[PDB]
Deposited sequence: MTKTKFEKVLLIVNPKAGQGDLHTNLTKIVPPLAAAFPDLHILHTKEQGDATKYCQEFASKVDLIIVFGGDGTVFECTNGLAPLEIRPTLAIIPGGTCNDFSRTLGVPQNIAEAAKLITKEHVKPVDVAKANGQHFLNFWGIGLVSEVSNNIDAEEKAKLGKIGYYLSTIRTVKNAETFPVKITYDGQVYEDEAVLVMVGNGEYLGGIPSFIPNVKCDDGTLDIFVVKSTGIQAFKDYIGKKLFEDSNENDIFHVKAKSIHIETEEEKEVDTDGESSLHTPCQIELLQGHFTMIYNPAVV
């Protein structure tokens, strides 16, 4: 009894603060004891994880990634476009690790590795925006680092985490027109933030978009109107994330007046306009049934 005859572990050697030998002591032995056919590849350059996923997708039954949101995103882009997509698992090696939290994965990396040996798997929806896949979110209006301190915190927290840490003090925020068509309906207004969420955690903490699930077959649209800046600041302060326009939809189109740059799970070249679709149960992933 195993679901996974062959396993690949992709290691970003800079993950877990870059203490490589110590990180491998924590994660490899549980996996090597449990999985009698285990291949371990370190990345060297940006894109390597994507390439490994595309090369090994037809060869292994499980791909485990040790890395932060960026490494996980490389795997998302590697596997999502393929016909054959093995189960994916995350050992959280950044500071944010949003999707791992969505899957209930303990942030202790030794514990994350042990969890994978339990082999609990569930289907997970993958979103697609103009042919660009994501697991956590799509957003405009999340855009300001003055210095290394700020830049180190921004890198540590992630784009969304950083935005949340500073939104309560962001004086005079940029407003913009937006048109959103969703399952035959329309929303048009002046906005300060537009999000489409798939992850149950954003910025390291439960999604500020209420009641997001990564496997319910719909996406969540969340818009902060130009008149709602203070109410959103207060809402973020209180951390009570119950239902500013917010609706669930499967097929979404978002237009702005000018082409605006889009933020998503990691580095990308998306901009508006965007057509956004959902691929239901597209990935199977290791998760923690006790917590999630």
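J.: Which parts of the deposited sequence lack C-alpha coordinates in this model? Number from residue 1, please.
T.: Gaps vs deposited seq, in order: 1-2, 146, 247-251.
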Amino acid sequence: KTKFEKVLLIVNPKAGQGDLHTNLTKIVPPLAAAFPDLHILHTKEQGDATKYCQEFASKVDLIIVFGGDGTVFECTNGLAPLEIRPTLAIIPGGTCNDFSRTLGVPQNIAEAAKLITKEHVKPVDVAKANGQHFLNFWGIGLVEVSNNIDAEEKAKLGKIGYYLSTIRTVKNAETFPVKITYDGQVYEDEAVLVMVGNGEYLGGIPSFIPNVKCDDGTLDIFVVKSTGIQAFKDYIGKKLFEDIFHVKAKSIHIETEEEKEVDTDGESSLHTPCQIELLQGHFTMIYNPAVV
From here on, numbers count along this sequence of modelled residues.
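J.: So which stretch wins on mean C-alpha B-factor, 147-155 or 132-140?
T.: Per the PDB entry, the higher value belongs to 147-155.
J.: Quick one: say whether 260-268 or 26-34 has the higher mean Cα B-factor in the deposited entry.
T.: Per the deposited B-factors, the answer is 260-268.
J.: From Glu83, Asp189, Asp216, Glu119, which pick has the Cα B-factor that tops the rest in the entry?
T.: The record points to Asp189.
J.: Out of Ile109, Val178, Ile221, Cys96, which shows the largest CA B-factor listed in the entry?
T.: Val178 has the highest C-alpha B-factor of those listed.
J.: Lowest, middle or highest third: where is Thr284 by Cα B-factor in its chain?
T.: Bottom third by C-alpha B-factor.
J.: Can you tell me whether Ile10 has a C-alpha B-factor in the lowest, middle or highest third compared with the other modelled residues of the same chain?
T.: For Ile10, whose C-alpha B-factor we compare with every modelled residue in the chain, the answer is the lowest third.
J.: Considering only modelled residues of the same chain, in which third does the CA B-factor of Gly228 rank: lowest, middle or highest?
T.: For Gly228, the deposited C-alpha B-factor lands in the highest third.
J.: Report the third (lowest, middle or highest) to which the CA temperature factor of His39 belongs, ranking only the modelled residues of the same chain.
T.: According to the entry, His39 has a C-alpha B-factor in the chain's lowest third.
J.: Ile64's Cα B-factor: lowest, middle or highest third of the chain?
T.: Bottom third by C-alpha B-factor.
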